[PDB]
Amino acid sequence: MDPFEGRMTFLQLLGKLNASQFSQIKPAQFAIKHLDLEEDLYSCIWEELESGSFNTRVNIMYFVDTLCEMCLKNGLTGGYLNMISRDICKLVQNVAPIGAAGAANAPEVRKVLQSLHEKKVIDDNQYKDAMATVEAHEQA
């Protein structure tokens, strides 16, 4: 499968996401099956974040959690895991920005951050930084 078909199919799968973990499984399996396209596919995730509603952004945050869990179940250590770890505070800024959406999404982003932290995708400093971002954006 070439990068273009990979992106096209993955974007369609991302369109299926909802709050349920059940909806996040198939896009996660695809992303992993085509790890060779990780850069393309990771950019698909950010494309959907940038143009998505706050509801869509939150569901992508859940998907990111599901993706990381499945990566770990597959015995992977880098790839998506390193990209998500590096970008964790950016992810928080997108899903829970300054203003009222930060308050509306704070508990849901906290749940994901705790999950990523417990599974050692993010370290203590990152978790502390990301949690402080959520608090700042909940309060203002």
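Residues carry their position along the shown sequence, with the first being 1.
- Two stretches are in play, 121 to 129 and 11 to 19, and the higher mean C-alpha B-factor belongs to 121 to 129.
- When the two stretches 40 to 48 and 25 to 33 are set side by side, the higher mean Cα temperature factor goes to 25 to 33.
- Annotation for 105, 77, 66, 94: 77 ranks highest, by Cα B-factor.
- Per the PDB record, residue ranking by Cα B-factor puts residue 57 in the lowest third of the chain.
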